[PDB]
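So the structure is just underneath, and the comments pick up after that.
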Amino acid sequence: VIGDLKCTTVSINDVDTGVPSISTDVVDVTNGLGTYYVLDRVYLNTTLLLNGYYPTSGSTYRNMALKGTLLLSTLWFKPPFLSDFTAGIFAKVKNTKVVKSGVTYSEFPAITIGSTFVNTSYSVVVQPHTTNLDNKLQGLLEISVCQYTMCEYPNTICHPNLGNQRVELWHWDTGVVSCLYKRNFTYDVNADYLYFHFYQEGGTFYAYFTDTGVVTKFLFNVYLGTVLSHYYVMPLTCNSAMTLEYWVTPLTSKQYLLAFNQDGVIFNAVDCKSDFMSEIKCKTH
Ligand SMILES: *[C@@H]1O[C@H](CO)[C@@H](O[C@@H]2O[C@H](CO)[C@@H](O)[C@H](O)[C@H]2NC(C)=O)[C@H](O)[C@H]1NC(C)=O
Ligand SMILES: *[C@@H]1O[C@H](CO)[C@@H](O[C@@H]2O[C@H](CO)[C@@H](O)[C@H](O)[C@H]2NC(C)=O)[C@H](O)[C@H]1NC(C)=O
Ligand SMILES: *[C@@H]1O[C@H](CO)[C@@H](O)[C@H](O)[C@H]1NC(C)=O
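First residue of the sequence shown: 12, per my numbering; consecutive thereafter.
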């Protein structure tokens, strides 16, 4: 169980198979991927040593995406899918683009980061939403940090035009809900991959993002005053048979050597303590 409101009892499959296999991918930071621009300053034709929240080059992502249609399996809402959120996580999210009746769509999972996922605590939610405006599909990231009454078995659904067996049910809250943060951010519905840094330091939750290139850029922060402990990528139920990828690898406080080109772009990165050559390279400015 994720949150502890019994929101639904419709098409829940509690009988227990094996635990699903989670696909893996090797972390490669060489072209800048996994790094973010420094918000307070732009760098040009230079290379910089700094401390940040970075993944371990050479370790793995896990594809945390769960695609469904009608049946929600209870296994989806436990480890290894409910996972630990310590220092932070770096996300590599495929923008699944499926074509139906002349229209290309934009679908990928939503993620919640929280402690207990009870309405006595604050949970972060990053949920995509698309809407048809002037016969052209636009995309938003709906970002909020609230005292959500999260559900046991939280899911999202795809665009109605792709059809749905299920309603969307990841929290249940009729009244007013206290929110530390809420705003929407647009994203390019034509992007192949979206990239996310989520981390926490000194009671503050941070977030970075990009839908262009491989190097993220500051999205928001908010002071929570508490420590978050878990993340859950929610299953996305839909009638289209589509392929979802939500690759997550942990961040830790590390030292990276980043190279900035003439346009201010991070085009190369080195994880200093990852391998022996990276150690030496960082030790030679
Ligand atoms: C805050 O969360 C709880 C759920 O954890 C909400 O509802 C009650 O919770 C208790 C214990 O979990 C259950 O035994 C009750 O059955 C729940 N109520 C109902 C009507 O089912 C509680 O209402 C939430 N508060 C707000 C303001 O959303
Ligand atoms: C973030 O975007 C969503 C989607 O555009 C906004 O939700 C809509 O708001 C209108 C008016 O408040 C409602 O009548 C619609 O039903 C909402 N759409 C859905 C799908 O729920 C939301 O208000 C935006 N929030 C912020 C803070 O910008
Ligand atoms: C580095 O940056 C400057 C900034 O104008 C640019 O003109 C120059 O061509 C770049 N390349 C080198 C090798 O300095």
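All C-beta atoms in this analysis are idealised placements derived from N, C-alpha and C, irrespective of residue type, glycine included.
Inset, instruction - Give me the Cα-Cα distance between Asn279 and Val233, rounded to the nearest whole angstrom. - result: As a position in the sequence shown, residue 279 is number 268, starting the count at 1. As a position in the sequence shown, residue 233 is number 222, starting the count at 1. The alpha-carbon atoms of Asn279 and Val233 are separated by roughly 30 Å.
Inset, instruction - Could you tell me which of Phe128, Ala252 and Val49 sits nearest to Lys17, measuring between CA atoms? - result: Reading the sequence shown from its first residue, position 6 is the one you call residue 17. If we check each option's Cα against that of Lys17, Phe128 comes out closest.
Inset, instruction - Using a threshold of 8 Å, state whether the C-beta atoms of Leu247 and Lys105 are closer than that. - result: Locating residue 247 in the sequence shown gives position 236, counting from the first residue. Locating residue 105 in the sequence shown gives position 94, counting from the first residue. Going by C-beta atoms, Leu247 is not nearer than 8 Å to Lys105.
Legend entry - Where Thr197 sits in the DSSP three-state scheme: Here residue 197 corresponds to residue number 186 of the sequence shown, with the count starting at 1. Strand at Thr197.
Legend entry - Nearest to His140 (by Cα), restricted to the options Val188, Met288 and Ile122: Here residue 140 corresponds to residue number 129 of the sequence shown, with the count starting at 1. Taking only the C-alpha atoms, the option nearest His140 is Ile122.
Legend entry - Every unbroken beta strand (DSSP E) within the stretch 195-263, with a cutoff of 3 residues, ordered by chain: Listed in chain order, the beta strand (DSSP E) elements of length 3 or more contained wholly in the stretch 195-263 are 204-212, 215-221, 228-234 and 241-244.
Legend entry - Residues near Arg177 by beta carbon distance below 7 Å, same chain, minus five either side: Locating residue 177 in the sequence shown gives position 166, where the first residue counts as 1. Excluding residues within five positions, the ones whose Cβ falls inside 7 Å are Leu81, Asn166, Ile168 and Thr248.
Inset, instruction - Would you mind sorting residue 334 into buried or exposed? The rule is 16 or more other CB atoms within 10 Å of its CB. - result: Residue 334 falls outside the range modelled here, since the chain spans only 12 to 296, and no answer is possible.
Legend entry - For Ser189, the nearest candidate out of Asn62, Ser134 and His208 (CA to CA): In the sequence shown, the residue the question calls residue 189 occupies position 178. The shortest C-alpha separation from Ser189 is found at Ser134.
Legend entry - the stretch 214-233 contacting the stretch 46-64, beta-carbon criterion three pairs below 8 Å: A contact exists between the stretch 214-233 and the stretch 46-64.
Legend entry - Given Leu60 as reference, the closest of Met288, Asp282 and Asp286 once Cα atoms are compared: Position 49 of the sequence shown, counted from the start, is the residue given in the question as residue 60. Selected option, being the one with the closest Cα: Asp282.
Legend entry - Spatial neighbours of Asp25 in its chain, beta-carbon cut-off 6 Å, leaving aside the 5 residues before and after: Stepping through the sequence shown from its first residue, residue 25 is reached at position 14. For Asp25, where only same-chain residues beyond five positions count, the Cβ hits under 6 Å are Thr85.
Inset, instruction - In angstroms with no decimal places, state the Cα-to-Cα distance between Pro261 and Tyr64. - result: By 1-based counting over the sequence shown, the position of residue 261 is 250. By 1-based counting over the sequence shown, the position of residue 64 is 53. So the two alpha carbons sit approximately 9 Å from each other.
Inset, instruction - Starting from the Cα of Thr263, find the closest Cα among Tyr257, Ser32, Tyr210 and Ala270 and give me that residue. - result: As a working note, residue 263 is residue 252 in the sequence shown. If we check each option's Cα against that of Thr263, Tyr210 comes out closest.
Legend entry - Beta carbon proximity, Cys283 to chain C, threshold 8 Å: Reference to chain C is not applicable here, since this structure consists of a single protein chain.
Legend entry - Buried or exposed (CB count within 10 angstroms, at least 16 for buried), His296: Along the sequence shown, read from residue 1 onward, the residue named residue 296 stands at position 285. By the 10 Å Cβ count, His296 comes out exposed.
Inset, instruction - Could you tell me which residues DSSP puts in a beta bridge with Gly275? - result: Looking up residue 275 in the sequence shown gives position 264. Answer is none; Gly275 lacks a bridge partner.
Inset, instruction - Give the C-beta separation of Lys103 and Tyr204 to the nearest angstrom, bearing in mind that I take them to be a contact with Cβ-Cβ under 8 Å. - result: By one-based count along the sequence shown, residue 103 stands at place 92. By one-based count along the sequence shown, residue 204 stands at place 193. Correct: roughly 6 Å between the Cβ atoms.
Legend entry - CA-to-CA distance, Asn146 to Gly213, given in whole angstroms: If you number the sequence shown from 1, residue 213 lands on position 202. If you number the sequence shown from 1, residue 146 lands on position 135. About 45 Å.
Inset, instruction - Measure the Cβ-Cβ separation of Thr67 and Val38 and say whether it is below 8 Å. - result: Within the sequence shown, the letter at position 56 stands for residue 67. Within the sequence shown, the letter at position 27 stands for residue 38. Going by C-beta atoms, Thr67 is nearer than 8 Å to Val38.
Inset, instruction - Sort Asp274, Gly275, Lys265 and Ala252 by Cα distance to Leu77 and report the nearest one. - result: Position 66 of the sequence shown, counted from the start, is the residue given in the question as residue 77. Nearest option by C-alpha distance: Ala252.
Inset, instruction - Run through the stretch 65-135 for me and flag every whole beta strand (DSSP E) of 3 or more residues, listed as ranges in chain order. - result: Complete beta strand (DSSP E) runs here, min 3: 71-74, 99-105 and 122-125.
Legend entry - Reference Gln149, options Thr115, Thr160 and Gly125, closest by Cα: Looking up residue 149 in the sequence shown gives position 138. Ranked by Cα distance from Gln149, the options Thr115, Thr160 and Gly125 are led by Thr115.
Inset, instruction - May I ask whether a heavy atom of ligand 3 can be found less than 7 Å away from the beta carbon of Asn130? - result: Indexing the sequence shown from 1 puts residue 130 at position 119. No, the Cβ of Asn130 stays beyond 7 Å of every heavy atom of ligand 3.
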